[PDB]
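Q: Got a structure for you, structure.cif, holding mmCIF, N, CA and C atoms and all ligand atoms.
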data_entry
#
loop_
_atom_site.group_PDB
_atom_site.id
_atom_site.type_symbol
_atom_site.label_atom_id
_atom_site.label_comp_id
_atom_site.auth_asym_id
_atom_site.auth_seq_id
_atom_site.Cartn_x
_atom_site.Cartn_y
_atom_site.Cartn_z
ATOM 1 N N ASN L 710 49.466 -13.688 -37.028
ATOM 2 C CA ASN L 710 50.674 -12.903 -36.840
ATOM 3 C C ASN L 710 50.475 -11.404 -37.009
ATOM 4 N N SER L 711 49.251 -10.887 -37.046
ATOM 5 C CA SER L 711 48.992 -9.451 -37.171
ATOM 6 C C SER L 711 48.461 -8.888 -35.871
ATOM 7 N N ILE L 712 48.985 -7.749 -35.422
ATOM 8 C CA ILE L 712 48.461 -6.970 -34.292
ATOM 9 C C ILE L 712 48.297 -5.519 -34.711
ATOM 10 N N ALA L 713 47.247 -4.842 -34.264
ATOM 11 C CA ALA L 713 47.113 -3.402 -34.422
ATOM 12 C C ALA L 713 47.412 -2.702 -33.101
ATOM 13 N N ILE L 714 48.330 -1.739 -33.081
ATOM 14 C CA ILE L 714 48.651 -0.949 -31.884
ATOM 15 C C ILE L 714 48.302 0.510 -32.146
ATOM 16 N N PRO L 715 47.569 1.182 -31.249
ATOM 17 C CA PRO L 715 47.216 2.566 -31.433
ATOM 18 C C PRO L 715 48.460 3.442 -31.327
ATOM 19 N N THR L 716 48.661 4.367 -32.271
ATOM 20 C CA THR L 716 49.854 5.251 -32.322
ATOM 21 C C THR L 716 49.541 6.606 -31.682
ATOM 22 N N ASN L 717 48.279 6.893 -31.350
ATOM 23 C CA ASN L 717 47.865 8.167 -30.708
ATOM 24 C C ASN L 717 46.700 7.824 -29.778
ATOM 25 N N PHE L 718 45.950 8.812 -29.281
ATOM 26 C CA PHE L 718 44.795 8.589 -28.377
ATOM 27 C C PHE L 718 43.841 9.773 -28.378
ATOM 28 N N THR L 719 42.653 9.634 -27.789
ATOM 29 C CA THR L 719 41.769 10.753 -27.498
ATOM 30 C C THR L 719 41.279 10.648 -26.063
ATOM 31 N N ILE L 720 41.398 11.720 -25.279
ATOM 32 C CA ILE L 720 40.728 11.841 -23.988
ATOM 33 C C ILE L 720 39.285 12.235 -24.254
ATOM 34 N N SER L 721 38.331 11.382 -23.923
ATOM 35 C CA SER L 721 36.909 11.678 -24.035
ATOM 36 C C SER L 721 36.311 11.873 -22.659
ATOM 37 N N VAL L 722 35.525 12.923 -22.470
ATOM 38 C CA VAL L 722 34.685 13.070 -21.282
ATOM 39 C C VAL L 722 33.272 12.696 -21.692
ATOM 40 N N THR L 723 32.697 11.652 -21.118
ATOM 41 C CA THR L 723 31.330 11.209 -21.429
ATOM 42 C C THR L 723 30.437 11.458 -20.228
ATOM 43 N N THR L 724 29.342 12.186 -20.386
ATOM 44 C CA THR L 724 28.361 12.428 -19.326
ATOM 45 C C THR L 724 27.563 11.169 -19.016
ATOM 46 N N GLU L 725 27.334 10.867 -17.744
ATOM 47 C CA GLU L 725 26.326 9.907 -17.299
ATOM 48 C C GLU L 725 25.407 10.518 -16.249
ATOM 49 N N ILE L 726 24.099 10.380 -16.417
ATOM 50 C CA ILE L 726 23.059 10.956 -15.569
ATOM 51 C C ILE L 726 22.306 9.827 -14.862
ATOM 52 N N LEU L 727 22.148 9.897 -13.542
ATOM 53 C CA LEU L 727 21.476 8.892 -12.710
ATOM 54 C C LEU L 727 20.449 9.542 -11.782
ATOM 55 N N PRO L 728 19.191 9.082 -11.726
ATOM 56 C CA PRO L 728 18.289 9.440 -10.646
ATOM 57 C C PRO L 728 18.845 9.018 -9.286
ATOM 58 N N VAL L 729 18.672 9.835 -8.256
ATOM 59 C CA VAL L 729 19.159 9.575 -6.888
ATOM 60 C C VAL L 729 18.040 9.669 -5.868
ATOM 61 N N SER L 730 17.099 10.578 -6.028
ATOM 62 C CA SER L 730 15.971 10.740 -5.123
ATOM 63 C C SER L 730 14.730 11.095 -5.918
ATOM 64 N N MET L 731 13.596 11.216 -5.256
ATOM 65 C CA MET L 731 12.361 11.653 -5.882
ATOM 66 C C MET L 731 11.567 12.497 -4.897
ATOM 67 N N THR L 732 10.595 13.271 -5.357
ATOM 68 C CA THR L 732 9.874 14.205 -4.479
ATOM 69 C C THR L 732 9.236 13.467 -3.308
ATOM 70 N N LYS L 733 9.545 13.900 -2.082
ATOM 71 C CA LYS L 733 9.010 13.377 -0.821
ATOM 72 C C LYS L 733 7.548 13.797 -0.643
ATOM 73 N N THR L 734 6.620 13.256 -1.410
ATOM 74 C CA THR L 734 5.191 13.487 -1.155
ATOM 75 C C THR L 734 4.791 12.832 0.163
ATOM 76 N N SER L 735 3.775 13.374 0.814
ATOM 77 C CA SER L 735 2.949 12.626 1.746
ATOM 78 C C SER L 735 1.499 13.014 1.522
ATOM 79 N N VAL L 736 0.611 12.033 1.476
ATOM 80 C CA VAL L 736 -0.819 12.240 1.308
ATOM 81 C C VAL L 736 -1.475 11.737 2.577
ATOM 82 N N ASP L 737 -2.068 12.630 3.359
ATOM 83 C CA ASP L 737 -2.778 12.227 4.564
ATOM 84 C C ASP L 737 -4.074 11.504 4.193
ATOM 85 N N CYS L 738 -4.222 10.227 4.557
ATOM 86 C CA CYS L 738 -5.403 9.455 4.192
ATOM 87 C C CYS L 738 -6.713 10.172 4.541
ATOM 88 N N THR L 739 -6.940 10.601 5.782
ATOM 89 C CA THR L 739 -8.263 11.105 6.177
ATOM 90 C C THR L 739 -8.621 12.375 5.426
ATOM 91 N N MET L 740 -7.674 13.294 5.247
ATOM 92 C CA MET L 740 -7.887 14.513 4.478
ATOM 93 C C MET L 740 -8.094 14.224 2.989
ATOM 94 N N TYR L 741 -7.414 13.232 2.407
ATOM 95 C CA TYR L 741 -7.677 12.811 1.029
ATOM 96 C C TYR L 741 -9.059 12.171 0.874
ATOM 97 N N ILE L 742 -9.361 11.146 1.664
ATOM 98 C CA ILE L 742 -10.571 10.345 1.517
ATOM 99 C C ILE L 742 -11.813 11.142 1.897
ATOM 100 N N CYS L 743 -11.804 11.829 3.039
ATOM 101 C CA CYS L 743 -12.975 12.496 3.594
ATOM 102 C C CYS L 743 -12.941 14.017 3.478
ATOM 103 N N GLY L 744 -11.901 14.665 4.009
ATOM 104 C CA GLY L 744 -11.735 16.121 4.026
ATOM 105 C C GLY L 744 -12.852 16.864 4.768
ATOM 106 N N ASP L 745 -12.633 17.229 6.031
ATOM 107 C CA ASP L 745 -13.566 17.966 6.914
ATOM 108 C C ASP L 745 -14.877 17.282 7.328
ATOM 109 N N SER L 746 -15.385 16.301 6.585
ATOM 110 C CA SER L 746 -16.574 15.546 6.985
ATOM 111 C C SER L 746 -16.294 14.652 8.195
ATOM 112 N N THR L 747 -17.015 14.873 9.295
ATOM 113 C CA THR L 747 -17.032 13.958 10.451
ATOM 114 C C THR L 747 -17.779 12.667 10.146
ATOM 115 N N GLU L 748 -18.791 12.705 9.288
ATOM 116 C CA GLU L 748 -19.615 11.558 8.908
ATOM 117 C C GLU L 748 -18.774 10.520 8.168
ATOM 118 N N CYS L 749 -18.035 10.972 7.158
ATOM 119 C CA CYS L 749 -17.070 10.162 6.441
ATOM 120 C C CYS L 749 -15.929 9.720 7.348
ATOM 121 N N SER L 750 -15.385 10.611 8.176
ATOM 122 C CA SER L 750 -14.263 10.266 9.050
ATOM 123 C C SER L 750 -14.632 9.133 10.010
ATOM 124 N N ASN L 751 -15.859 9.109 10.526
ATOM 125 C CA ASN L 751 -16.350 8.003 11.345
ATOM 126 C C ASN L 751 -16.532 6.698 10.566
ATOM 127 N N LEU L 752 -17.046 6.725 9.336
ATOM 128 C CA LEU L 752 -17.162 5.528 8.493
ATOM 129 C C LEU L 752 -15.790 4.941 8.154
ATOM 130 N N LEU L 753 -14.794 5.780 7.925
ATOM 131 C CA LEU L 753 -13.439 5.367 7.589
ATOM 132 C C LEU L 753 -12.735 4.645 8.742
ATOM 133 N N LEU L 754 -13.093 4.911 10.002
ATOM 134 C CA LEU L 754 -12.536 4.190 11.157
ATOM 135 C C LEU L 754 -12.926 2.707 11.198
ATOM 136 N N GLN L 755 -14.033 2.319 10.568
ATOM 137 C CA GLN L 755 -14.472 0.922 10.484
ATOM 138 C C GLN L 755 -13.554 0.069 9.609
ATOM 139 N N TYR L 756 -12.838 0.685 8.677
ATOM 140 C CA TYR L 756 -11.808 0.066 7.848
ATOM 141 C C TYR L 756 -10.469 -0.125 8.588
ATOM 142 N N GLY L 757 -10.396 0.236 9.866
ATOM 143 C CA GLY L 757 -9.241 0.007 10.727
ATOM 144 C C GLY L 757 -7.986 0.778 10.338
ATOM 145 N N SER L 758 -6.839 0.116 10.445
ATOM 146 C CA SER L 758 -5.496 0.667 10.263
ATOM 147 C C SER L 758 -5.012 0.694 8.814
ATOM 148 N N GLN K 954 10.166 -4.088 11.004
ATOM 149 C CA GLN K 954 9.255 -4.000 9.862
ATOM 150 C C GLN K 954 8.413 -5.258 9.657
ATOM 151 N N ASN K 955 8.967 -6.460 9.812
ATOM 152 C CA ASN K 955 8.171 -7.685 9.720
ATOM 153 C C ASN K 955 7.166 -7.774 10.865
ATOM 154 N N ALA K 956 7.591 -7.546 12.109
ATOM 155 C CA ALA K 956 6.707 -7.608 13.262
ATOM 156 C C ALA K 956 5.593 -6.569 13.169
ATOM 157 N N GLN K 957 5.892 -5.345 12.735
ATOM 158 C CA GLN K 957 4.889 -4.302 12.513
ATOM 159 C C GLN K 957 3.896 -4.669 11.394
ATOM 160 N N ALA K 958 4.326 -5.329 10.320
ATOM 161 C CA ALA K 958 3.423 -5.809 9.277
ATOM 162 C C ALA K 958 2.485 -6.911 9.787
ATOM 163 N N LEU K 959 2.979 -7.869 10.571
ATOM 164 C CA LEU K 959 2.160 -8.926 11.173
ATOM 165 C C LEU K 959 1.205 -8.388 12.234
ATOM 166 N N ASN K 960 1.654 -7.507 13.124
ATOM 167 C CA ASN K 960 0.797 -6.857 14.117
ATOM 168 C C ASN K 960 -0.343 -6.087 13.449
ATOM 169 N N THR K 961 -0.063 -5.396 12.345
ATOM 170 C CA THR K 961 -1.079 -4.653 11.582
ATOM 171 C C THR K 961 -2.077 -5.605 10.933
ATOM 172 N N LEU K 962 -1.615 -6.705 10.336
ATOM 173 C CA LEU K 962 -2.454 -7.755 9.753
ATOM 174 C C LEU K 962 -3.354 -8.422 10.800
ATOM 175 N N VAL K 963 -2.873 -8.678 12.009
ATOM 176 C CA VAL K 963 -3.670 -9.282 13.088
ATOM 177 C C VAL K 963 -4.680 -8.298 13.666
ATOM 178 N N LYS K 964 -4.295 -7.048 13.898
ATOM 179 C CA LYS K 964 -5.213 -6.026 14.409
ATOM 180 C C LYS K 964 -6.348 -5.735 13.441
ATOM 181 N N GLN K 965 -6.141 -5.878 12.136
ATOM 182 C CA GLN K 965 -7.213 -5.800 11.144
ATOM 183 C C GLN K 965 -8.302 -6.869 11.280
ATOM 184 N N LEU K 966 -8.087 -7.989 11.961
ATOM 185 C CA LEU K 966 -9.177 -8.947 12.191
ATOM 186 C C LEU K 966 -10.266 -8.372 13.094
ATOM 187 N N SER K 967 -9.915 -7.418 13.953
ATOM 188 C CA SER K 967 -10.821 -6.769 14.901
ATOM 189 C C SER K 967 -11.658 -5.640 14.294
ATOM 190 N N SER K 968 -11.408 -5.246 13.044
ATOM 191 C CA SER K 968 -12.131 -4.183 12.339
ATOM 192 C C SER K 968 -13.498 -4.638 11.832
ATOM 193 N N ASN K 969 -14.496 -3.753 11.819
ATOM 194 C CA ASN K 969 -15.844 -4.081 11.338
ATOM 195 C C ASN K 969 -15.953 -4.142 9.814
ATOM 196 N N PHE K 970 -15.231 -3.283 9.094
ATOM 197 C CA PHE K 970 -15.351 -3.014 7.652
ATOM 198 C C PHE K 970 -16.761 -2.649 7.159
ATOM 199 N N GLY K 971 -17.687 -2.355 8.061
ATOM 200 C CA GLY K 971 -19.097 -2.094 7.772
ATOM 201 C C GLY K 971 -20.069 -3.177 8.228
ATOM 202 N N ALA K 972 -19.591 -4.332 8.687
ATOM 203 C CA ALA K 972 -20.433 -5.371 9.268
ATOM 204 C C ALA K 972 -20.892 -5.016 10.690
ATOM 205 N N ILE K 973 -21.984 -5.621 11.161
ATOM 206 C CA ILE K 973 -22.539 -5.379 12.512
ATOM 207 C C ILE K 973 -21.589 -5.715 13.666
ATOM 208 N N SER K 974 -20.699 -6.678 13.468
ATOM 209 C CA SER K 974 -19.687 -7.099 14.430
ATOM 210 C C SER K 974 -18.459 -7.586 13.682
ATOM 211 N N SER K 975 -17.271 -7.279 14.183
ATOM 212 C CA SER K 975 -16.019 -7.810 13.643
ATOM 213 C C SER K 975 -15.751 -9.267 14.008
ATOM 214 N N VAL K 976 -16.634 -9.929 14.756
ATOM 215 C CA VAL K 976 -16.502 -11.339 15.139
ATOM 216 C C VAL K 976 -17.438 -12.177 14.280
ATOM 217 N N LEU K 977 -16.888 -13.130 13.531
ATOM 218 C CA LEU K 977 -17.633 -13.969 12.586
ATOM 219 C C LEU K 977 -18.710 -14.797 13.309
ATOM 220 N N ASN K 978 -18.385 -15.298 14.494
ATOM 221 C CA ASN K 978 -19.317 -16.044 15.333
ATOM 222 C C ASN K 978 -20.476 -15.187 15.883
ATOM 223 N N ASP K 979 -20.323 -13.867 16.050
ATOM 224 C CA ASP K 979 -21.448 -13.011 16.441
ATOM 225 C C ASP K 979 -22.482 -12.968 15.333
ATOM 226 N N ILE K 980 -22.052 -12.730 14.097
ATOM 227 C CA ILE K 980 -22.948 -12.710 12.945
ATOM 228 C C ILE K 980 -23.695 -14.034 12.836
ATOM 229 N N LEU K 981 -23.004 -15.167 12.883
ATOM 230 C CA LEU K 981 -23.641 -16.478 12.731
ATOM 231 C C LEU K 981 -24.486 -16.915 13.939
ATOM 232 N N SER K 982 -24.273 -16.372 15.137
ATOM 233 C CA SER K 982 -25.190 -16.581 16.261
ATOM 234 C C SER K 982 -26.425 -15.684 16.123
ATOM 235 N N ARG K 983 -26.245 -14.412 15.765
ATOM 236 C CA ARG K 983 -27.318 -13.413 15.695
ATOM 237 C C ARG K 983 -28.231 -13.573 14.488
ATOM 238 N N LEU K 984 -27.677 -13.874 13.320
ATOM 239 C CA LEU K 984 -28.356 -13.811 12.030
ATOM 240 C C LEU K 984 -28.493 -15.178 11.345
ATOM 241 N N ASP K 985 -29.607 -15.373 10.651
ATOM 242 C CA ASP K 985 -29.839 -16.460 9.689
ATOM 243 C C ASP K 985 -29.189 -16.202 8.314
ATOM 244 N N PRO K 986 -28.941 -17.230 7.477
ATOM 245 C CA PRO K 986 -28.109 -17.105 6.279
ATOM 246 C C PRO K 986 -28.430 -15.977 5.278
ATOM 247 N N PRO K 987 -29.690 -15.627 4.963
ATOM 248 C CA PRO K 987 -29.980 -14.642 3.928
ATOM 249 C C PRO K 987 -29.404 -13.261 4.242
ATOM 250 N N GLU K 988 -29.607 -12.769 5.467
ATOM 251 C CA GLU K 988 -28.974 -11.555 5.978
ATOM 252 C C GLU K 988 -27.535 -11.776 6.465
ATOM 253 N N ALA K 989 -27.184 -12.903 7.086
ATOM 254 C CA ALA K 989 -25.816 -13.162 7.532
ATOM 255 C C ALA K 989 -24.786 -13.099 6.400
ATOM 256 N N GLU K 990 -25.094 -13.599 5.206
ATOM 257 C CA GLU K 990 -24.167 -13.561 4.066
ATOM 258 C C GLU K 990 -23.802 -12.134 3.634
ATOM 259 N N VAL K 991 -24.670 -11.152 3.890
ATOM 260 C CA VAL K 991 -24.433 -9.730 3.592
ATOM 261 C C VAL K 991 -23.420 -9.138 4.552
ATOM 262 N N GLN K 992 -23.491 -9.489 5.836
ATOM 263 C CA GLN K 992 -22.514 -9.057 6.834
ATOM 264 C C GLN K 992 -21.169 -9.753 6.630
ATOM 265 N N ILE K 993 -21.167 -11.038 6.290
ATOM 266 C CA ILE K 993 -19.939 -11.801 6.074
ATOM 267 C C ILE K 993 -19.213 -11.349 4.810
ATOM 268 N N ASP K 994 -19.882 -11.025 3.703
ATOM 269 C CA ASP K 994 -19.193 -10.512 2.507
ATOM 270 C C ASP K 994 -18.413 -9.221 2.787
ATOM 271 N N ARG K 995 -18.881 -8.368 3.707
ATOM 272 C CA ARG K 995 -18.160 -7.157 4.139
ATOM 273 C C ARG K 995 -16.863 -7.496 4.851
ATOM 274 N N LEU K 996 -16.893 -8.468 5.758
ATOM 275 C CA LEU K 996 -15.705 -8.977 6.437
ATOM 276 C C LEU K 996 -14.777 -9.700 5.476
ATOM 277 N N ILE K 997 -15.275 -10.542 4.573
ATOM 278 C CA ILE K 997 -14.442 -11.186 3.556
ATOM 279 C C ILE K 997 -13.732 -10.135 2.727
ATOM 280 N N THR K 998 -14.436 -9.123 2.237
ATOM 281 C CA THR K 998 -13.837 -8.104 1.374
ATOM 282 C C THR K 998 -12.798 -7.276 2.114
ATOM 283 N N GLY K 999 -13.083 -6.851 3.342
ATOM 284 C CA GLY K 999 -12.129 -6.115 4.161
ATOM 285 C C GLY K 999 -10.910 -6.931 4.559
ATOM 286 N N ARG K 1000 -11.095 -8.188 4.968
ATOM 287 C CA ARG K 1000 -10.001 -9.095 5.346
ATOM 288 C C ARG K 1000 -9.173 -9.530 4.153
ATOM 289 N N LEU K 1001 -9.779 -9.765 2.997
ATOM 290 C CA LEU K 1001 -9.099 -10.035 1.737
ATOM 291 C C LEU K 1001 -8.298 -8.828 1.254
HETATM 292 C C1 LIG W 1101 47.705 12.974 -31.786
HETATM 293 O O1 LIG W 1101 46.477 13.652 -32.027
HETATM 294 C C2 LIG W 1101 46.453 15.033 -31.707
HETATM 295 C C3 LIG W 1101 45.062 15.529 -32.071
HETATM 296 O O2 LIG W 1101 44.096 14.555 -31.672
HETATM 297 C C4 LIG W 1101 47.520 15.767 -32.501
HETATM 298 O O3 LIG W 1101 47.581 17.127 -32.067
HETATM 299 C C5 LIG W 1101 46.903 17.945 -33.031
HETATM 300 O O4 LIG W 1101 47.462 17.820 -34.335
HETATM 301 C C6 LIG W 1101 46.770 18.581 -35.323
HETATM 302 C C7 LIG W 1101 47.449 18.365 -36.668
HETATM 303 O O5 LIG W 1101 48.842 18.666 -36.539
HETATM 304 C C8 LIG W 1101 46.774 20.058 -34.953
HETATM 305 O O6 LIG W 1101 46.024 20.795 -35.924
HETATM 306 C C9 LIG W 1101 46.159 20.258 -33.578
HETATM 307 O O7 LIG W 1101 46.248 21.636 -33.203
HETATM 308 C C10 LIG W 1101 46.913 19.397 -32.575
HETATM 309 N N1 LIG W 1101 46.372 19.560 -31.232
HETATM 310 C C11 LIG W 1101 45.176 19.132 -30.826
HETATM 311 C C12 LIG W 1101 44.916 19.280 -29.357
HETATM 312 O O8 LIG W 1101 44.334 18.666 -31.575
HETATM 313 C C13 LIG W 1101 48.877 15.129 -32.266
HETATM 314 O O9 LIG W 1101 49.846 15.756 -33.109
HETATM 315 C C14 LIG W 1101 48.811 13.646 -32.587
HETATM 316 N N2 LIG W 1101 50.089 13.019 -32.313
HETATM 317 C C15 LIG W 1101 50.502 11.976 -33.023
HETATM 318 C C16 LIG W 1101 51.205 10.897 -32.255
HETATM 319 O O10 LIG W 1101 50.314 11.905 -34.224
#
Now, as a test, write the supplied structure out as structure tokens.

A:
Amino acid sequence: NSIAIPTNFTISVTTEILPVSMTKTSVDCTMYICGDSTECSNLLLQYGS
Amino acid sequence: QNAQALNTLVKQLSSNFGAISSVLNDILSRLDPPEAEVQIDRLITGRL
């Protein structure tokens, strides 16, 4: 037979932070793996796609 | 995206990966087992 009823209130503003995107890197395979070498660039073609 | 993943997986069978031929039957027609196993391990590793 007991109830508690609030007689006043507080307006609280609470921050929420969410990730939405991330840095759009691109790493070119041939320039990463070989870089200017034609010898390496030809060996890397044997590994296909 | 599924069709492009399967097409890429199938086109990789044609790659050498460092073996003398990308065809398993070429290695086994051309080479005897002691040297053939060296060419086949390159294809196994690349295909795996
Ligand atoms: C409900 O609460 C607010 C505060 O949360 C009360 O207003 C404050 O009351 C105190 C004490 O009188 C003052 O010092 C403040 O200046 C008032 N304003 C604020 C914004 O804090 C309000 O009186 C309460 N009402 C009830 C139902 O008791």

Q: Would you name the residues within 6 Å of ligand LIG 1101 (chain W), counting all atoms listed in the file, and put them as a ChimeraX atom specification?

A: /L:716-718

Q: Name the residues that the PyMOL selection byres ((chain K and name CA) within 6 of (chain L and name CA)) picks from the file above, as a compact mmCIF listing (two decimals) with N, CA and C atoms, in the frame of the given file, using the file's chain letters and numbers.

A:
# COMPACT_ATOMS: atom_id res chain seq x y z
N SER K 968 -11.41 -5.25 13.04
CA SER K 968 -12.13 -4.18 12.34
C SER K 968 -13.50 -4.64 11.83
N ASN K 969 -14.50 -3.75 11.82
CA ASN K 969 -15.84 -4.08 11.34
C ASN K 969 -15.95 -4.14 9.81
N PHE K 970 -15.23 -3.28 9.09
CA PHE K 970 -15.35 -3.01 7.65
C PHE K 970 -16.76 -2.65 7.16

Q: Step by step, gather every atom of range 718-737 of chain L that the file lists, find the box along x, y and z that holds them, add 5 Å on each side, and finally give centre and edge lengths in Å to one decimal, as JSON.

A:
{"center_x": 20.9, "center_y": 11.4, "center_z": -12.4, "size_x": 60.0, "size_y": 15.6, "size_z": 43.8}

Q: Rounded to one decimal, what separation in Å do you get between CA of residue 740 in chain L and CA of residue 961 in chain K?

A: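 The value is 21.5 Å.
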
Q: Could you state the separation of atom N of residue 973 in chain K and atom C of residue 992 in chain K in Å, given to one decimal place?

A: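 Value for the atom N of residue 973 in chain K-atom C of residue 992 in chain K distance: 6.2 Å.
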